[PDB]
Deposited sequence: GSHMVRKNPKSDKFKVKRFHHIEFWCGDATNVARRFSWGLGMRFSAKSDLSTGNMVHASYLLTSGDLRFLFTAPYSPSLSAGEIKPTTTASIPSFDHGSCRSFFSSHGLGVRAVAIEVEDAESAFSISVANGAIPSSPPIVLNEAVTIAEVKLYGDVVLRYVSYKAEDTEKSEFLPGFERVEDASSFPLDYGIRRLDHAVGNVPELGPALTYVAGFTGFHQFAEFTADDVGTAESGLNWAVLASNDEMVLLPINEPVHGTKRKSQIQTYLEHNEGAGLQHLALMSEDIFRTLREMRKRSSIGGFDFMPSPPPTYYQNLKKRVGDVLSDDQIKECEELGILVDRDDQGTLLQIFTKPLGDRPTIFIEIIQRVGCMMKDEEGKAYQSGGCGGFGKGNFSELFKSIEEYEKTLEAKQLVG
């Protein structure tokens, strides 16, 4: 059941912004690890004396990496005279965020019809304002409200190239890497209490609970009208045999924040071949692969969707498979992206639900918790 209750017009995920200590090194590591190209910059060379921001793209996926310069470079500026290209940026907020949480997502940005209206409707419906709407070069409007922890939901709307003041990156410095990743499928938060977090976000967005279908967590998924913006939220389950990975996150992160980004691939097998080739030479590592048990049990579950060859290809790459009543999900998880056992990445590809493909086809892997436990015990 989809009541289609969005309180303003939402289009798609627009970008994810990481707050960094050094944007250059994180951006270069991510570019090589995920096969994303450098497409835009805003930094000293573009006249920005406040922050360094570098944009990576793969398909429609946009990752922005931002770090503060010395405040002394901009000490004479005021907000009317700022050289920052993202006017919500604040030196103190960024340093406090990074010192508190380490490397992680500051902003989940969605494109909307009218960012000013989205901001106003959100705050009228309980959203905690973070940065008021500001029009950039009479062309783009950006506004921010609190999502959870120190993560903001950023609204971006375009009258009619990333943001004003960003310059497209020179061809020589823009190598056309591509491992097949094409868009952000969902962005997941960890919170101490699910109930209040859901009530808050659903309260100011009108996002509805996305219909789905004892190991660590409870969760629910909030979704826009066409279910293309998907925001799952997790809470820990305490008192269990193995300590909840949600609680570990909250401890190492100093509270709520973004847990994982799930990146849709147009060919998950090529993406994982390319990413695993680079794991030990600057890229990303992946979670330990499931026992061959798990793949011996895949035939009975998805043998009508994947061939024996396509299944054996899952086993060599460590890919997980789950299934809805509507579609099939192929998924795999990286190890944490930085020093702390906090944020990680999921690579996914969805099979089925053709009409274009409807959002969330095949779910989020709920059935893979039970399947993995059974495999582990029976090994």
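Engineer: Do you know which deposited regions have no coordinates at all?
Structural biologist: The deposited sequence has unmodelled segments at 1 to 6, 167 to 172, 226 to 233, 376 to 382, 407 to 417.
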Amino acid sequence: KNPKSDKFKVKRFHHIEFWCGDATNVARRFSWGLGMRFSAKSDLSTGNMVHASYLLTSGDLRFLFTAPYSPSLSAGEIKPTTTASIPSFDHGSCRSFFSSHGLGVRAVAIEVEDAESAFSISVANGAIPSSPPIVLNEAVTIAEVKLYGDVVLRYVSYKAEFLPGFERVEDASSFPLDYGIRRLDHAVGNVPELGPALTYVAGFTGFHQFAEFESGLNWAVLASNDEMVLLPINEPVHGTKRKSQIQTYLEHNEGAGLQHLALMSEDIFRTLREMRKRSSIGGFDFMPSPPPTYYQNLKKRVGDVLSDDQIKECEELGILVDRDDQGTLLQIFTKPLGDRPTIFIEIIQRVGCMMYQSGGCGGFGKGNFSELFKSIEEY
From here on, numbers count along this sequence of modelled residues.
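Engineer: Between 60 to 68 and 310 to 318, name whichever shows the higher mean Cα B factor according to the PDB entry.
Structural biologist: Of 310 to 318 and 60 to 68, the stretch with the higher C-alpha B-factor average is 310 to 318.
Engineer: Would 235 to 243 or 142 to 150 have the larger average of its C-alpha temperature factors, as given in the entry?
Structural biologist: Averaging CA B-factors over each stretch, the winner is 235 to 243.
Engineer: Out of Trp19, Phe13, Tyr356, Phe364, which shows the largest CA B-factor listed in the entry?
Structural biologist: That would be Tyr356, according to the entry.
Engineer: According to the Cα B-factor stored in this entry, which of the following is highest: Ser31, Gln349, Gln326, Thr334?
Structural biologist: Most elevated C-alpha B-factor of the set, per the entry: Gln326.
Engineer: Please rank the C-alpha B-factors of the chain's modelled residues and tell me whether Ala107 sits in the lowest, middle or highest third.
Structural biologist: Lowest third - that is where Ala107 ends up once the chain's C-alpha B-factors are sorted.
Engineer: Could you tell me which third, lowest, middle or highest, the C-alpha B-factor of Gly283 occupies within its chain?
Structural biologist: It falls in the bottom third of the chain.
Engineer: Quick check on the deposited entry: does the C-alpha B-factor of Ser74 sit in the lowest, middle or highest third of its chain?
Structural biologist: Middle third by C-alpha B-factor.
Engineer: Test of reading the entry: by CA B factor among the chain's modelled residues, which third contains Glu167?
Structural biologist: Highest third, going by the recorded CA B-factors of the chain.
Engineer: Divide the modelled residues of the chain into thirds by Cα B-factor and specify which third, lowest, middle or highest, holds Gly206.
Structural biologist: Within its chain, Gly206 is a middle-third residue by C-alpha B-factor, going by the deposited values.
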